[PDB]
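Asks: Protein chains in written order, with the UniProt record's numbering: chain A, 2 to 217, 233 to 277, 282 to 338; chain B, 2 to 173; chain C, 151 to 225; chain D, 315 to 366; chain E, 53 to 90, 98 to 283.
Think of the CB as a built atom: it goes at the ideal place given N, C-alpha and C, for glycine as much as any other residue.
1. Using only CA atoms, which one of B:39, B:63 and B:150 lies nearest to residue 3 of chain B?
2. I'd like the span of the beta strand (DSSP E) that includes residue 132 of chain A, first residue to last.
3. Let me know if residue 173 of chain E comes out buried or exposed under the rule of 16 or more other beta-carbons within 10 Å of its beta-carbon.
4. Since residue 115 of chain A meets chain D, which of its residues come closer than 8 Å, beta carbon to beta carbon?
5. Enumerate, from N- to C-terminal direction, the unbroken beta strand (DSSP E) stretches of 3 or more residues contained entirely within the stretch 193-275 of chain E.
6. Pull up the DSSP beta-bridge partners for residue 207 of chain C, would you.
7. Could you give the residue range of the beta strand (DSSP E) that holds residue 155 of chain A?
8. Between the Cα of residue 9 of chain A and the Cα atoms of A:38, A:33, A:18 and A:64, which residue gives the shortest distance?
9. Given this structure, state the Cα-to-Cα distance separating residue 95 of chain B from residue 18 of chain B, to the nearest angstrom.
10. To which residues of the same chain is residue 8 of chain B closer than 8 Å at the C-beta, ignoring the five residues directly before and after it?
11. When you compare the CB positions of residue 88 of chain A and residue 185 of chain A, do they come within less than 9 Å of one another, or not?
12. Starting from the N-terminal side, write out each stretch of the beta strand (DSSP E) that is 3 residues or longer and does not extend beyond the stretch 113-155 of chain E.
13. Does the stretch 296-308 of chain A come into contact with the stretch 257-266 of chain A, if we say contact requires no fewer than three beta-carbon pairs (one atom in each stretch) closer than 8 Å?
14. 9 Å is my cut-off, CB to CB: does residue 216 of chain C come that close to chain A?
15. Is DSSP giving residue 61 of chain E helix, strand or coil here?
16. List the residues of chain A whose Cβ lies closer than 9 Å to the Cβ of residue 345 of chain D, in chain order.
17. Quick one: is residue 251 of chain A near chain D, going by C-beta distance under 9 Å?
18. For residue 240 of chain A, which of B:149, B:53, B:41 and B:107 has the nearest alpha-carbon?
19. By DSSP's criteria, residue 78 of chain E is part of a beta bridge. Which residues make up the other side?
20. So, under 8 Å CB-CB, residue 213 of chain A and residue 307 of chain A are touching, yes? Tell me the CB distance rounded to an integer number of Å.
21. Can you check which of these residues, B:57, B:135, B:91 and B:93, is closest to residue 26 of chain B by C-alpha distance?
22. Looking at chain C, which residues of the stretch 158-170 of chain A have a Cβ within less than 9 Å of any of its Cβ atoms?
23. CB-CB under 6 Å to residue 187 of chain A, same chain, minus the five flanking residues each way: which ones, in chain order?
24. Per DSSP, residue 98 of chain B forms a beta bridge with which residues?
25. Is the stretch 223-234 of chain E in contact with the stretch 327-338 of chain D, if contact means three or more CB pairs nearer than 8 Å?
26. Hey, residue 102 of chain B and residue 70 of chain B: beta-carbon distance below 9 Å or not?
27. Taking a cut of 8 Å between CB atoms, which residues from the stretch 151-166 of chain E lie near chain C?
28. Nearest to residue 279 of chain A by alpha carbon, out of A:183, A:120 and A:245?
29. Kindly indicate which residue of C:205, C:215, C:206 and C:223 has the alpha-carbon position closest to the one of residue 158 of chain C.
30. Per DSSP, which one or two residues make a beta bridge with residue 316 of chain A?
31. Return the residue from the list E:282, E:183, E:178 and E:252 that minimises the CA-CA distance to residue 214 of chain E.
32. Under a three-way DSSP split, which group does residue 84 of chain B fall into?
33. By the 10 Å Cβ neighbour count, where 16 or more other Cβ atoms means buried, how is residue 58 of chain E classified, buried or exposed?
34. Can you pull the chain C residues whose beta carbon is under 9 Å from the beta carbon of residue 207 of chain A, in chain order?
35. Less than 7 Å between C-beta atoms, sequence neighbours within five positions excluded: which residues of the same chain meet that for residue 248 of chain A?
36. If you drop the 5 nearest sequence neighbours on each side, which residues of the same chain put their C-beta closer than 7 Å to that of residue 134 of chain A?
What follows is the structure, given as structure tokens:
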């Protein structure tokens, strides 16, 4: 049909020119002897037109376009905001023998019996990862290919990452499918959202610190307050550690505490506030606040517990 | 503790200056610009954040005090206002200077110039302007400060700090 | 404080049951678990790498390496 | 409207199963516990009186 | 040289702490290196002695480190361990098994578990010995496997409890508890209820009911 061709054309137009050959080689839909016939030296439009002609001369189904979209998304993986889930299991349950075919079958059958029209595409890659692309629909509409949902599941682990695109309408259904296909009982959402998937992976798996101990100049200038400088340096080094900080970009705090400072002494109601910290590389600008003279030597525990508590959004009450 | 100008005896051809401010990098750059040249005297530079200083006896006598005020932050203004209460009046007789930084970029200024003008006029002290981020102006400011320090230290026969107080007096 | 044990290894249960009492038993249990996992993974990897001719298709394997399934035709 | 009812009934069943599981385990372990206790008591008393 | 003495003391304290934590007291160690290069191959012969809290051992092995562009393969090509000639045959059996299998860590783990169960049996047998010195007769000693329960009233009615330590082919250690009844035929012609031939099995149920030492002291009190 024409919808598949339009989907493939849009997906190819999204791909840059310098890395298009790698994506086309990873797709492995067109034969290798058909790639050298196309000249990647001319304009992008002519190359895309020739590729569309080649993909139309051959039988192009809807699964190949979904696989190409999955490949592009897992190659970029920085265009969406990612959230984390956590699944719990009962005390009397034994360790299960994970099987990929049964997992795929259950995850497909749950959505096929709940809804009517829904597209599911799988991709099993090493690092023990399963990428799932879901196109949603119902009994009276066709699956919408413009707003897909991406899920990254790690086998035999209680964690799973998801792209927050449209699952706000079908969140309980996706949670049920995940907790049934993986043989679990409960599921909850963690207060940890971020655009950097590798940072979330390192924080959730708490493997950002990989250092273990094992045995196998112008004297005319007099710097005063040097003891305070060495003290604040020691405090910063002890609080923020010495490992490379994970890369975050946002933090949010909600405050419902009372104002304590003659001024609003008779007030018995809290002061509602919402504070947002934004930075290209968070946890690295804060570490340089105390030596620069903008904050005290020990920072507030609310700012130095981001990777340890695995939390990004905070609520504080009186 | 209160700092006093004439607590100790002077050294042999030695002049000492003290720089009080919140930004340590600017103070370090200013000290480097002051000491990068050669003069007839032996110069010494001390750096501090606020007053009073940590107690010590080894510290020689101070000849000049410069208060650096950054117009882009009220924290430095509050720090200077707090530090101005730990020096005796006898030090304000031509041995104290104010240096305002950041007047070039008016869009970044958070403090009006009238505030620092009135602050300098209240304590009867000169007021200098310089953008310490640029090296070309910082070198000239350092040379001027070195000359003022040499005048205040007593290395110029016939001119003292009390005379410099009358030389740099403003009409209004 | 921190460790390098894989996620699929049940470390939390062994810790909750043996960390506060008989620490050496906890250490030896962790040793046994890690040795068994390493041995199973080594067996699987060697079978996949060395004898690739007798195997028709790629064998199925899970991260914990506790379920194997493969078809083979010998000559 | 019926979709949400289906979802909530599935949730109810998934929440209700493990309680039945645990109850069954407790029952069929306590039964054999009692049986073994009775047998041991009988044998011990018999041997005690025999030696007496 | 006070700092050097402090460093020596700290290192000795850390060594003692590690030795009492892990459970192995290591003696001197010797290493011999040989460069047999064709990509590089090195042969390292190691030798070391030690003891585990009751048992001394001396091992000597050799490894072949094959260093190359992307891999560093180290395999124990030869191993040989020697221990004092005790009367435990299963210990020497496992010694020969680990010798033919060429494994180092499993040997230490099994030795730790074996000596732990041995000290458990030793501290269990001697406790009930002095508590009831008139109802038990330890004919061989607390470091043995058998146990003889007997009353001083009559030397005819008495039995034995057997406690053995087993090491399977995998390498794990598991004990076993049985009993054998040496009772004259007079008690058999006296009692027709026939509740003695089913004594071992039921006894296991007993030790599967409320513990080991509890069952032992219950049997002692019943025979008393």
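Replies: This is what the structure gives:
1. B:63
2. 130-136
3. buried
4. 317, 320 and 321
5. 205-209, 217-226 and 232-241
6. Note: residue 207 of chain C sits in no beta bridge, so no partner.
7. 150-155
8. A:64
9. 14 Å
10. 62
11. yes
12. 114-126 and 131-142
13. yes
14. yes
15. helix
16. Neighbours of residue 345 of chain D on chain A: none; closest Cβ ~18 Å, over 9 Å.
17. no
18. B:53
19. E:109
20. With 8 Å as the limit, residue 213 of chain A and residue 307 of chain A do not qualify as a contact, their Cβ atoms being about 22 Å apart.
21. B:135
22. 158, 159 and 160
23. 89
24. B:67
25. no
26. yes
27. 164 and 165
28. Coordinates for residue 279 of chain A are simply not present: the residues of chain A run from 277 and resume at 282.
29. C:215
30. Paired residues: none, contrary to the question.
31. E:282
32. helix
33. exposed
34. 152 and 153
35. 310, 311 and 317
36. 67, 70, 71, 122, 149 and 151
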